[PDB]
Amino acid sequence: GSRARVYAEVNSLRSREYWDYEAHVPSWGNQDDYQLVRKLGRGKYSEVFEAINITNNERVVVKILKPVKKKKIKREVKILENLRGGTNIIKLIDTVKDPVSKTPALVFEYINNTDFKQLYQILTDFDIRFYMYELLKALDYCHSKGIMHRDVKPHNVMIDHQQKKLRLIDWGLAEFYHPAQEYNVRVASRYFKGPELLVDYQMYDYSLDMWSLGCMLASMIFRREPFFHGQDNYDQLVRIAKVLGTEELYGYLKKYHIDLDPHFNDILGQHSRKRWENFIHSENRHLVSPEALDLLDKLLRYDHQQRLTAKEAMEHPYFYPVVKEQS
């Protein structure tokens, strides 16, 4: 069966306590040190506030967890602790509880996030290379720590475009990679789901995140955001196949002995693989280069095992101008 080409055995080479999150016992500090200032948003399992630590005036973000999901809380906490100090991963400052109700919350460093819908229409060529390289550092780091993020998307990539700071947030879907483990395919947001998820292939790996980052790259260089805009999970695969091709999808399915839900037979149609240059027009031509297309072509592949790793992507000539500037 399938396995990651990189960091496949890394959790097995570490102490069991590293990855056995169910056994993790967080130290829960006191939420009363924090003053909530403003609500920033809400997820299925949390609500997020900007806050101030009253003891030292630090501005932070507090994510208050809906507390009936103990295993999932331990997972997110243990993952964040393991990722401590990783480049461009959001910093977990503390794990706290309301001392009376015992409701848990996560305290993060604050980032002054620029709205991505506005930002992605003003990025320059260099900006895209820069931010994509910064995001890749976060993914290479978390992959090297045996963790798949499983929800990479613009809303989870905080960018302070004034300070040029990027942080990958929202680790609540992340999981430890173990070779041959079958994972739930109900992860990632629709537009960023890899084909593997859409065809119910459970033996996926870190390369799922590389598909999602390819989707982000394509939206930035082509200015079509999201790049693959499905109406539902079925239509999402059709949108992919209209670009990557249907015969090419079937070759992937055949390689991995993947069974295709027969509802797809009535909607996939027949589509040639499209040239990436077909997406260029006057509005995006200044963001597209041969090196951007070569990189994108190596990310947005059906075959998860053939996608570039985060490191291989960082190594691509598209990022040479960023490396040189950083030197």
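What we label the rigid core is the largest C-alpha set whose atoms superpose within 1.5 Å from one form to the other. For every residue, the number given is its place in the sequence shown, counted from 1.
Inset, instruction - Could you tell me which of the two stretches, 182-190 or 96-104, has its Cα atoms lying farther from the shown structure in 9 other deposited structures of this protein after fitting on the rigid core? - result: After superposing on the rigid core, the more displaced stretch in 9 other deposited structures of this protein is 96-104.
Inset, instruction - Just give me the stretch that moves more in 9 other deposited structures of this protein: 118-126 or 131-139, judged by RMS C-alpha distance after a core fit. - result: When 118-126 and 131-139 are compared in 9 other deposited structures of this protein, 118-126 lies farther out.
Legend entry - Stretch with the higher entry mean CA B-factor, where the candidates are 97-105 and 191-199: Here the higher of the two C-alpha B-factor means belongs to 97-105.
Inset, instruction - Tell me which of 136-144 and 177-185 has the higher mean C-alpha B-factor in the deposited entry. - result: The recorded data point to 177-185.
Inset, instruction - Going by the CA temperature factor in the entry, name the top one among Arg84, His149, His155, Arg223. - result: Each of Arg84, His149, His155, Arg223 was compared by C-alpha B-factor; the highest is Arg84.
Inset, instruction - Tell me, lowest, middle or highest third: where does the Cα B factor of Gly251 rank within its chain? - result: As the PDB entry reports it, the C-alpha B-factor of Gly251 lands in the highest third of its chain.
Legend entry - Relative C-alpha B-factor of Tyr110, binned into the chain's lowest, middle or highest third: It belongs to the middle third of the chain when residues are ordered by C-alpha B-factor.
Inset, instruction - Taking the values exactly as deposited, rank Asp125 by C-alpha B-factor within its chain and report the matching third: lowest, middle or highest. - result: According to the entry, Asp125 has a C-alpha B-factor in the chain's middle third.
Inset, instruction - Taking the chain's C-alpha temperature factors as the reference, tell me which third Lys298 falls into: lowest, middle or highest. - result: It belongs to the lowest third of the chain when residues are ordered by C-alpha B-factor.
Inset, instruction - Would you mind ranking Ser207 by its C-alpha B-factor against the rest of the chain and naming the third, lowest, middle or highest? - result: Ranked within chain, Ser207 CA B lands in the lowest tercile.
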